[PDB]
Structure formats: C-alpha cells, structure tokens
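Asks: Fold the following and give me the result.
(5 chains)
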Amino acid sequence: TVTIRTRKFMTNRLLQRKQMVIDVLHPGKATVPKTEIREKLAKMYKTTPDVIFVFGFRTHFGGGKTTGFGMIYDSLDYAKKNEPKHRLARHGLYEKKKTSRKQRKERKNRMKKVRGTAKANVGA
Amino acid sequence: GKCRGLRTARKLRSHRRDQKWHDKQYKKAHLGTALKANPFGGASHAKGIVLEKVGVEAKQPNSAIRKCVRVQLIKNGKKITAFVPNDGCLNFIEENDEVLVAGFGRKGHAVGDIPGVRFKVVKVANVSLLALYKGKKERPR
Amino acid sequence: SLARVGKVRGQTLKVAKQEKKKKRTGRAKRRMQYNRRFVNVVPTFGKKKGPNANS
Amino acid sequence: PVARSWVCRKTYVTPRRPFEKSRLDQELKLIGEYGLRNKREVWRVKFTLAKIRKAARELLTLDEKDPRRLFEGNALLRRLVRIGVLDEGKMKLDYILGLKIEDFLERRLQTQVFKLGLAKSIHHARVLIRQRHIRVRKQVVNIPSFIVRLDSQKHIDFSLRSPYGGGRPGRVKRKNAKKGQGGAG
RNA sequence: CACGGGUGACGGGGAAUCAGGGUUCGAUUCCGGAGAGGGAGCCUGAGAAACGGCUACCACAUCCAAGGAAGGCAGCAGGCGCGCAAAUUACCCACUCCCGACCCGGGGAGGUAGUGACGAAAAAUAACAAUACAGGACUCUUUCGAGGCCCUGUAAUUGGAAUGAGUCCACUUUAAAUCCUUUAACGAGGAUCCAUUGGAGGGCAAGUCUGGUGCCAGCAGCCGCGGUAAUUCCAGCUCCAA
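Replies: Numbering: from 1, shown residues only, chains lettered A, B, ... in the order given. You can find the structure just below:
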C-alpha cells in the first residue's frame, strides 16, 4: 500500500546519473528503511537497486509521509566514481580507516622529530 | 531654555553639561570618589570574613536590638557591619566563616530602624541562609 | 545583649502541617478560578465579602 | 564565528500595573470562557494586536495615493480577511483600529473546535488537540494556538489515527476489553 | 576650548528603552585597527618588524651529569589564581570554504555532540457522564413547593473514555552517532505520575481567623506594627499575584 511518486526528477549528463526527491507514503506503519526504498524504485524505473543511493528521510508530524532524496546512477562504476565514501560504507561495499583522528595527529609530530627515512620506523 | 538662537547649540549643550553636575544622580555616577568609597566597587555581591558579631541598638520610637555581623572583605580588605537578614539566624552564623554579602535594597542609604547598615548576608559557607531557615539545608560541621 | 537570639522562634509551639487534597493545576486552576468568581455569584445587596474575609 | 540566528524575541508584554482590580477582571473573563492556560498568552495576543494597530496608525498618517500606503495597506488587508477576522466588504485600513482582542480568539483552533461543536467542553477541546485526535487538511495539529485561516476553516475534522474518529481504539479501551475478555476466558 | 589631564574609552554597523523628542550601552560573531609576557632589532618572503620565526635585555618558569640546553595557551580543550561571575583535557573533516605539487593529503578554522533554569519560542501537571445538593431563565401557587422542555456550579460519591513523562523495539537521523518525528507493546480515578516562588494594614490583589510571643524576638523598600485581645513578629487554616 506504499506508493512512491516522482518529484524534482531530472537527468544528469554532467554527473552521469539521475536525481529526484523521493516521496514515501506509509500511513499507519513505521518509517520504511532506506533498503526497502531501493528495490521499489528499481522495479518502477526497471533498473538495478545497487546503483540506487537514497537517503535524507525525515518524517512529517502525524505520520503517513516522509520526504527523502536520492540519486540513480547509470552504471555501478559511475556509482563509485563521484560519490562520498561514507555512502559507499552505508551499503557495506567500502571499508574506511578505523584509526581515530587524534591518534593520526599523535604520530604526525613524532615523525617530525626524526629527519630522514626513519619516519616510518617511528610509527608502530 | 532661555536663549533661542539659530546657532546657540554650543551654548545650550554647555549649559546642559554644566547643570548636569549639579544633579545628585549624575554627579554620583560620573565621579571616581563615589566608586572609591563604595566597598563593593560596583559589585552586586561580595564575599567577606566574619571576625565578630555586633549588636546594634535601634532608633526612635521603635526600639529593639538588631543582630549584625562585622564582615571583612577579601577583595578590598575593608570592614562592613552587615545585617543578619531573618529572625533567629545568628545561631546559624559562626566565627571565621565566609559570607556572601550584598546590599539590602536602598542603594547606599541606611534602612529603617538600623542606623548605618546597608548590607545583608545571603549565603554562609557556600550554603544559602534562606534554606537554613527553611531547614532544606544543614551546615557541614 | 546578644544572648536572646531565636528567643521566640524556639518557644513557639510546633504545629505539624495537616494533609489536604492537592490543588488542581495548569489551566484547570484558572478554570476553577473563573467559574466561582463570575458565573456562580448571585445579585445580593450589601457589602461583597472577600474570598478570605471571616469575622 | 558561527552561522546561526542569535534572534531572541518576546511574544508578550507585561502590563505596567500588576495589581489593579479592573485588569484582573477582564483577563479572567478571557481565560475561562475560551479555555486559556495563563495570563501570559493573554498578553501574547495583545502584543500581536499592538503590532497591527501601530502599523495601521502610521499608514493613516501617510497621505492618500502614497505608494507605500497603497502597497503596505493592501498587503496588510490581505492577511486580515484570509484569517476570517475582517469582513471582505469591510476591507479598509481604518477599521483596523476598531478591531478588538475579542475577535482574534475565535480563530484560535482550540475555540474553533468548540465552535464546530465536536468537543463537549472548551477545556475538553484543548485535550483533543493535545491527544492528537483531530487534523486540519490531513495534518495533525497538537497545539491549541493554531491560527485557522478563512479558507482552511471547513477542513477541520478528526484525524485518521484517532479512536474518537475512524481509527484504532485507545489504551483504556484496549485495557478494558482485554480484562473483560480475560475474565471470561 | 588650543595645549594638557582623566577615561571603569578599540571605533562603527548596531542593542535596550522610549507617544514626540532623548538616555544608557556596544569586550562579543560583520568591517577596519592593535598584540601574542614587556620593550627593541632583524633573516626569508611579493606581502611580517611575524612571535604555533629568530636575535638580545627585563620579569617568570624548566631539565641538568653543574659542563650546558631549552619556553611563551589574549589559538581548541584543560589546570591554578582572581573573583558575585562564566562549560568537555569529547568526536569528525560528513556541511561551509581555505591551503598545497593537488579530483586523492591537511584544517581544535569549522561542523557535530556533552555541561549548561544566561536567555527566547511552543507547551504537560487532566476531560466527560451519572447520584445527592446550592441554585439560575419558565407555568401554577398572594407565599410554601413542584417538572426540569434549557441548564451552571460544588462534593477522596461512582463510572469508564483519551493521551503523555518514563520503560521501550524497528526505521529514520548522522562521518558514526545523539535529539525530534513515525512505529509496535506497556504506561494514570487521592489519574501519590502530588508546582513551586512571594504576600495577605495602606501603595497593592488578598482573614480584623486560631494559638504562642509581650517594644523581647523580630517584621517592614516607605508610612509604620510589637510594651498581654499583634488584621504587620513565630507557627496552623484560609486566601491573593505569576
């Protein structure tokens, strides 16, 4: 009973994708996940859900409607060319560094103490 | 104004500048002597050290004994005969204890039956005296 | 002298505070106040008695 | 430096006299009859009327055919009719001064709920808004101080998710029916 | 009104406050100036008299093997002192842009959270119905009293109806979170899931109520109360203002 319609739809040849505002109607139930959105847009636009990156969901007061925004890529390699790394980690296909920012600052000045090749020996 | 010339602005402004110094409120707020003689120095509240408790005799017809405390400051070193605000609160105050002293509300003028005191105690030993009267707080001993 | 501090407060006889129904609060406090001032009164001659006036 | 508002503004003005008998009679009439909560929002509607009254007065001082008066006069009268306070045949800047504080209080949604007759009490009307049982143009309003527009007046009804309307029963009905069935087995 | 002195004077755009005019403030996010403990001098660089650059003196402070070496948080945190007075030694470059040889690296700039009754905006702490009653517009009754076509309120009298605060999952949110919103389930009849702060002679709304106190304690911004019937002190009831 969840119907998805098209708002602010326009193609991108400068950016090799599509983009539109996703309007989701789910009255009487919870906010559907971003994963659930992907195949519903995949079937109605007849594409694969792996090139579907949809986010930015905020529920209106009273329920029944959430406003979201997403991009449709032309191909999977385009989806990894021009995209922030965190959204690639949102779907689990990218694993970023887990080293804290403070620790990255700790060995930076310690490598400054040693002039020469032995900067790499200071780190760990 | 008396003179009504079209270019007497410097005459009118100088008269208003000079006659303002004859006003009690303007001269008090624009002289260093008024702030020099104030033990607070423009401060709303201040902390002081109790060195003794002083009983102050009352004025004309209404006659009683008012309980006061000789408060010695830490920021200036001056001594203030501050008044203990409420009834039966001199048992709460002890010797050599820091007290938060403010004014009483008349802004530099002796208030009512008490002669020569403009100051009241708010907090004692970082504990509010109002809660001591209400029993909401107990003095650490 | 300074010995008679807390003279009366010490010797005043202690009454423990008795229990009563908690007052209706919020807009219900003003709802209760509105009716018994305006609509519940009747036209009577003489001095209007105060809310706390007892003789 | 941060990029934000730093705009704090009071929505009400306290009276100059606190303790007069005449003002205490007048505002207490306005609270109980329309189900208000405190004297603060009483002063809060008066402060909004003071802005409209002062904006109208400076337009009367301006001469006729003043393009500032022509544009601001028409823009101010556009908003007055569309909230259902000023008649469309009374559209003129000089009857703004004759507008009282008694007229604004119907267009509050708490009073409009009683005026439409779907609440038993004016104070019960505030409970229905608080418990999200009603909606305006398919949008639930939880606040009684909603300003109902003239064109949005006829769309006020119960919300879809409301036991008083066409929705699921509340907690008490689920509590009473479960033990009624639980007692019977 | 020169010169000089003080300035508890960084200046302005502006802030509070006003019918009209004015008064006070502007350390504080934007612009411009000055500085990195106080001076002074300089290297490089297009641009510095730079101090998250040197060179000396002054004051403070550090390690020392006693030979010597080395420092500037009015940068974000944080610690001491000073005070009446002011937060975390948190996370992240995901937004804004900036810098570099640069699509890629870096940014305590900045963003996100924590403390936080500075303050501002919205807004809980209840609502309905029935029984006794105190009664209100009507008809009869010269009064008494009646039915309630219409109601108004009171009473730990009774009854169910609806939600939040909190418990609480799914999703969303976000760099990862968090908050809000949606979503299930619970969750209130003294809905103990209990609202406090001042005052009750006048200004100034609200007891000539009760007891104790007896010019004592004390109250009181002011007028004034208290000396044995205190409408003013201390308690209780009640009431009044937000």
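
Asks: the longest strand in chain B is where?
Replies: Longest strand of chain B, by residue count under DSSP state E: strand B:45-57.

Asks: Against which helices or strands is whichever helix or strand residue B:70 is part of packed?
Replies: Using DSSP states H and E, residue B:70 maps to strand B:65-73. Contact analysis of strand B:65-73 by 3 or more C-beta pairs under 8 Å, 6 or more residues apart in numbering or on different chains; DSSP states H and E lists strand B:45-57, strand B:79-83, strand B:98-103, strand B:119-124 as its packing neighbours. Backbone N, C-alpha and C define where each C-beta goes, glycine included.

Asks: any chance of those in JSON lines, with distance to residue B:73 and mean neighbour count too?
Replies: As requested, those are arranged in JSON lines below (distance: least, C-beta to C-beta, whole Å; neighbours: other C-beta atoms under 10 Å in any protein chain shown):
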{"stretch": "strand B:45-57", "distance to residue B:73": "5", "mean neighbour count": "16"}
{"stretch": "strand B:79-83", "distance to residue B:73": "7", "mean neighbour count": "20"}
{"stretch": "strand B:98-103", "distance to residue B:73": "8", "mean neighbour count": "19"}
{"stretch": "strand B:119-124", "distance to residue B:73": "11", "mean neighbour count": "20"}
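
Asks: Can you check which of the ones you listed gets nearest to chain C?
Replies: Chain C lies closest to strand B:45-57 among the helices and strands packed on strand B:65-73, at 4.9 Å (C-beta to the nearest C-beta).

Asks: Only C-alpha atoms, please: export that closest one in CSV.
Replies: What follows is strand B:45-57, C-alpha atoms only, in CSV (Å, rounded to 0.1, in the frame of the first residue of the first chain):
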residue,chain,number,x,y,z
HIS,B,45,27.6,40.7,45.8
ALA,B,46,30.8,40.1,47.6
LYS,B,47,32.5,37.6,49.9
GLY,B,48,33.9,38.6,53.3
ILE,B,49,35.2,37.1,56.5
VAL,B,50,33.4,37.2,59.8
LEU,B,51,35.5,38.5,62.7
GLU,B,52,32.9,39.3,65.3
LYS,B,53,29.1,39.6,65.8
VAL,B,54,27.9,43.1,66.7
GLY,B,55,24.6,44.0,68.3
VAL,B,56,23.1,47.3,67.0
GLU,B,57,20.7,49.4,69.1
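
Asks: what pairs with it, and is each one parallel or antiparallel?
Replies: Next to strand B:45-57 in the sheet, as set by DSSP bridges, lie strand B:65-73 (antiparallel), strand B:98-103 (antiparallel).

Asks: Identify all contacting residues around that strand.
Replies: The contact list for strand B:45-57 (C-beta atoms under 8 Å, 6 or more residues apart in numbering or on different chains) reads B:39-40, B:63, B:65-75, B:79-83, B:90, B:93-102, B:114-115, B:117, B:122, C:1-2.

Asks: now stretch D:105-125
Replies: The contact list for stretch D:105-125 (C-beta under 8 Å, 6+ apart) reads C:27-28, C:31, D:30, D:33-35, D:45, D:83-85, D:126, D:128-129, D:134, D:136, D:141, D:143-148, D:153, D:156-158.

Asks: Name the residues of that stretch that come out as buried.
Replies: For stretch D:105-125, a neighbour-count test (16 or more other C-beta atoms under 10 Å in any protein chain shown) marks D:105, D:107-115, D:118-119, D:122-123, D:125 as buried.

Asks: Of the residues you listed, which is the nearest to residue D:169?
Replies: Residue D:169 lies nearest to residue D:118 out of the buried residues of stretch D:105-125, by C-beta to C-beta, at 18.4 Å.

Asks: In three-state terms, label the closest one for me.
Replies: Of the three states, residue D:118 takes coil according to DSSP: H, G, I helix; E, B strand; the rest coil.

Asks: Show me the helices in chain C, by range?
Replies: Listed in chain order, the helices of chain C (DSSP state H) span C:7-11, C:27-38.

Asks: Ramachandran angles for the residue of chain B found nearest chain C?
Replies: Nearest residue of chain B to chain C (C-beta to the nearest C-beta) works out as residue B:88 at 3.3 Å. The phi/psi pair for residue B:88 (degrees, to the nearest 10) reads phi 60, psi 30.

Asks: sorry, back to before: wait, which of the helices of chain C is closest to residue B:128?
Replies: Evaluated over the helices of chain C, closeness to residue B:128 peaks at helix C:7-11, with 18.3 Å, by C-beta to C-beta.
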